[PDB]
Amino acid sequence: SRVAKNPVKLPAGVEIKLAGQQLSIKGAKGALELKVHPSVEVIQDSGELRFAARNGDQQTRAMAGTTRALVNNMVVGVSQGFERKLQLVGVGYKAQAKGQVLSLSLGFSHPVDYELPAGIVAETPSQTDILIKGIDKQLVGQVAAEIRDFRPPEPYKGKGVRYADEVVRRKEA
Amino acid sequence: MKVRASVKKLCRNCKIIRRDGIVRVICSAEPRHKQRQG
Amino acid sequence: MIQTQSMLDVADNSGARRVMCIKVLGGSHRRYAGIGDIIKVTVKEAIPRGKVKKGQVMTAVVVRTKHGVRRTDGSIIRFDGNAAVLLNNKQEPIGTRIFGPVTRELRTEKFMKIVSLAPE
Amino acid sequence: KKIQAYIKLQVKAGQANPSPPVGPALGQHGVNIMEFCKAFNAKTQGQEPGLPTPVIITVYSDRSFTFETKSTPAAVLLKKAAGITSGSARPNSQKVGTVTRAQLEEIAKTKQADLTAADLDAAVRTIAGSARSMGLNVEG
RNA sequence: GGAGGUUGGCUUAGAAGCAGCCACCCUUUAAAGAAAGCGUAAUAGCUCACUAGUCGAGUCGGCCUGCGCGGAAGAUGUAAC
RNA sequence: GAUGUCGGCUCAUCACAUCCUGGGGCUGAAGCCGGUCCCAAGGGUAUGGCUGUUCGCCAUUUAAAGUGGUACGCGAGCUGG
């Protein structure tokens, strides 16, 4: 079955500002998300959305699935805050957020001072945990990746930053 | 990677992807199944 | 001394009387060696008995030359005759007593030994 | 925690202390070996005591391990009815003197036939195939 | 869930479903190959097989066949429309 | 009815199938070292003993002492072993 047939069913008072060319979702708990579609057909029902497609190519059969999952992510974003759990493994490692600055201790010679780009906040409930709250998956996921690539993990000790638990392999020395 | 002329699967976990015009093999298991060109 | 195949004597007691330069250590092709540099000698003429036998590859430091050393001034010290001091496998000297003067320009990290036995 | 059957363990019936029959065979399981013996003491006097007894163990973290009532065992007692201690170098095709169905009748009179079986006849047929491990065919 | 015996034997802490050689059975049982593969090579575990929900229309491999170079690196200057 | 042949000196220019430095999958990669394969031509790339020698074998270095094309580059530029 195809994901382009299932509707959106946007919950709890989410406002659509659709022009036909540039859909604009505005809700509570963060707002101002918008996308532009190249050529699909968007109908606007009583609480759901269906994405009809034009010319039956391989490239309109592929867009209507992509633009359905992108609109669905904007609905959940104003509904729920996207988060990523990053744990720290290793001795002498720590992290502490200072407002909008995330400064780390990774066993280097000089400490790294990572700056968050936009309206996206990193909270640290521990010295070995990061929680990155945002509104869109691609911008939460990009910032979580760039922190991870400071010190990627190791098959011999595991000594390096490591997000949501199931990522790791190992071997003996 | 391991540049060949004939790529193929080795275990049950290998999926063959054609990424940017080249036939790659990525393995969700053991990294020694990673094969580049073919 | 300052070139390959430069005969120069030693300033040492245990050694041989004359040695000859065969290789200037350092860079890719260092052509000259001033005062305070490591060369590699062959032993050309030995005392009837000392410690070092004739015809043996050793390692030495250069301590006196007739071209001179030049400090941060116009003022230069210029001897007459060339002179080396043999070293061990590790760079520490072989003999006990050093003959004649040295310069103060040689004293460094690794050469506080020979400037003790120097008198300058 | 550890939910899959055929978890393999051979220590004695009432006695979990001898490790060189298994060694570190229960390390990544999580539970140390000493507190198992309170569960081996709960199933004694029928499961070939004195000799090391292989038993279906079910791993729990509540300091208790329930075992399947396998009343008379067959991994070692079928060696006793055949006449060997150590089986052949390749079982069921290399032979040292095998067991037949004429000698399986006496040992299977104590099966407690719904605890490792359902009826009495197929528990004899269970120990028919339970000899098929170690150099003992089914010859009749 | 993922087998009844049952640690599948000689062996080796361990060879047990995953040393080497193998048994490849019969059976508790909606189900179970005393194992297909990972997993501490190996102990678990994850699964796979196969059965209960969940899901509510297609799905799966192969055979021929038209057009497409991945394989494809050289010496003065693009430089085998 | 003539296109002067080997090695040396002087001066060079291009290829990349990379010797060094630069970026990097995998490892039977603990660390220091490595092995192997993709990307990269910007600048570098030893003095001697012995032989007519290129080649080689040695002694001592160095970050490294690269493999080819250019009438086996170069005599109206030199030498003539």
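Chains as they are written, first to last, in full-length UniProt numbering: chain H, 2 to 174; chain V, 1 to 38; chain Z, 1 to 120; chain E, 3 to 142.
Built from N, CA and C at the ideal position, the CB exists for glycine as well.
**Request:** Return the Cβ separation of H/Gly-31 and H/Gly-78 in integer angstroms, given the expectation that the two are a contact with Cβ distance under 8 angstroms.
**Result:** Confirmed, about 7 angstroms.
**Prompt:** Just checking my contact of Z/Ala-84 with Z/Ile-98 at CB under 8 angstroms: how many whole Å lie between their CB atoms?
**Reply:** Not a contact, Cβ separation roughly 11 angstroms.
**Request:** Report whether the distance from the Cβ of E/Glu-107 to the nearest heavy atom of the ligand FMN is below 7 angstroms.
**Result:** For the ligand FMN, the structure offers nothing, since it holds no ligand at all.
**Asked** What are the boundary residues of the beta strand (DSSP E) that includes H/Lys-95?
**Response** H/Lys-95 -> beta strand (DSSP E) spans 95-99.
**Request:** Return the first residue and the last residue of the beta strand (DSSP E) that V/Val-25 is part of.
**Result:** Note, V/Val-25: beta strand (DSSP E), 22-27.
**Request:** Flag this pair as yes or no: are the beta carbons of H/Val-15 and H/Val-72 separated by less than 8 angstroms?
**Result:** One thing to note: H/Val-15 has its Cβ no nearer than 8 angstroms to the Cβ of H/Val-72.
**Prompt:** Mapping DSSP to helix, strand and coil, what is H/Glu-173?
**Reply:** It is coil, neither helix nor strand.
**Prompt:** Between E/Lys-97 and E/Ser-88, is the Cβ-Cβ spacing less than 8 angstroms?
**Reply:** Not in contact: E/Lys-97 and E/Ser-88 (Cβ atoms no closer than 8 angstroms).
**Message:** Tell me the rounded alpha-carbon separation between Z/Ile-47 and Z/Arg-18.
**Reply:** Each residue's Cα considered, the two are about 9 angstroms apart.
**Own chain, CB closer than 6 angstroms to E/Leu-138, minus 5 neighbours either side, in chain order** = Answer for E/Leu-138: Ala-84, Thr-100, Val-101, listed in chain order.
**Asked** When the distance is taken between beta carbons, is Z/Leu-25 closer than 8 angstroms to Z/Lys-44?
**Response** No, the pair does not count as a contact, with Cβ atoms beyond the cut-off.
**Prompt:** Since E/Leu-80 is in the alpha helix (DSSP H), which residue starts that stretch and which ends it?
**Reply:** Where E/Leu-80 is concerned, the enclosing alpha helix (DSSP H) stretches over 79-84.
**Pairwise C-alpha distance: E/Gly-29 and E/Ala-119** = Their backbone Cα atoms lie some 31 angstroms apart in a straight line.
**Asked** On the three-state DSSP scale, how would you describe H/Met-75?
**Response** Residue state, collapsed to three classes: helix.
**Asked** Which one or two residues does DSSP pair with H/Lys-36 in a beta bridge?
**Response** As a beta-bridge residue in DSSP terms, H/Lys-36 pairs with H/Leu-24.
**Request:** Please look up how many angstroms separate the CB atoms of H/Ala-5 and H/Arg-55, rounded, as I've assumed it's under 8 angstroms.
**Result:** Contact between H/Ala-5 and H/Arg-55 fails: their C-beta atoms lie close to 12 angstroms from each other, not under 8 angstroms.
**Asked** Which word fits H/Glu-124, buried or exposed, when buried means at least 16 other C-beta atoms lie within 10 angstroms of its C-beta?
**Response** Around the CB of H/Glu-124, fewer than 16 other CB atoms lie within 10 Å, so the residue is classed as exposed.
**Message:** Let's test the definition: count the other Cβ atoms within 10 Å of the Cβ of V/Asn-13 and tell me whether it reaches 16, buried, or not, exposed.
**Reply:** Exposed is the call here.
**Sequence-distant residues of the same chain with beta carbon closer than 6 angstroms to E/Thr-128, five excluded per side** = Excluding sequence neighbours, E/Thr-128 sits near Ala-119.
**Item:** Top-ranked residue by Cα proximity to E/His-31, from E/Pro-51, E/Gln-49, E/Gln-6
**Value:** Out of E/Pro-51, E/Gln-49, E/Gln-6, E/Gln-6 has the C-alpha closest to the C-alpha of E/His-31.
**Request:** Report the three-state DSSP secondary structure of Z/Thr-42 (helix, strand or coil).
**Result:** Residue state, collapsed to three classes: strand.
**Cα-Cα separation, Z/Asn-88 to Z/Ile-94** = About 6 angstroms.
**Asked** Excluding sequence positions up to five away, which residues of its chain have a Cβ less than 8 angstroms from the Cβ of Z/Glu-120?
**Response** Excluding sequence neighbours, Z/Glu-120 sits near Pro-101, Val-102, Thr-103, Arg-104.
**Request:** Could you tell me which of Z/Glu-92, Z/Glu-109, Z/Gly-27, Z/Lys-51 sits nearest to Z/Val-61, measuring between CA atoms?
**Result:** Of the candidates Z/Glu-92, Z/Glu-109, Z/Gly-27, Z/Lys-51, the one whose C-alpha sits nearest the C-alpha of Z/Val-61 is Z/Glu-92.
**Prompt:** Tell me which same chain residues have a C-beta within less than 8 angstroms of the C-beta of Z/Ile-114, skipping the five on either side of it?
**Reply:** Closer than 8 angstroms at Cβ, skipping near neighbours: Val-61, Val-63, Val-85, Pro-93, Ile-98, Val-102, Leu-106.
**Request:** Give the DSSP-derived three-state secondary structure of H/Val-144 in the structure shown.
**Result:** Here H/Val-144 sits in helix by DSSP.
**Message:** For a quick check, are the C-beta atoms of H/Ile-133 and H/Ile-121 less than 8 angstroms apart?
**Reply:** Yes. Within cutoff.
**Asked** What residues match up with Z/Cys-21 in a beta bridge as DSSP calls it?
**Response** The partner list for Z/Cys-21 (beta bridge, DSSP) reads Z/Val-41.
**Message:** Quick check on Z/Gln-91: does DSSP put it in helix, strand or coil?
**Reply:** Z/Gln-91 carries a coil assignment under DSSP once its states are collapsed to helix, strand and coil.
**Paired residues, beta bridge with H/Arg-51 - DSSP** = DSSP, once it has assigned bridges, lists H/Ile-44 as partnering H/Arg-51.
**Message:** Alpha carbons only, please: which of H/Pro-154, H/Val-102, H/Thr-67, H/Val-92 is nearest the one belonging to H/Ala-119?
**Reply:** Minimum Cα distance to H/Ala-119 is reached at H/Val-102.
**Nearest neighbour of E/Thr-112, chosen from E/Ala-104, E/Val-126, E/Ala-133 [CA to CA]** = With distances taken between Cα atoms, E/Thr-112 lies closest to E/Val-126.
**Asked** How about Z/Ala-11 and Z/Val-52: are their beta carbons less than 8 angstroms apart?
**Response** Not closer than 8 angstroms, so no.
**Prompt:** Residues in its own chain within less than 6 angstroms of E/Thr-71 by CB, not counting five upstream and five downstream?
**Reply:** The answer, listed in chain order, is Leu-117.
**Residue burial classification, V/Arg-32 (beta-carbon count within 10 angstroms, cutoff 16)** = Answer is exposed; the Cβ neighbour count stays below 16.
**3 or more residues per run - each beta strand (DSSP E) lying fully within the stretch 29-64 of chain E** = If one requires a minimum length of 3 residues, the beta strand (DSSP E) runs lying completely within the stretch 29-64 of chain E are 54-56, in chain order.
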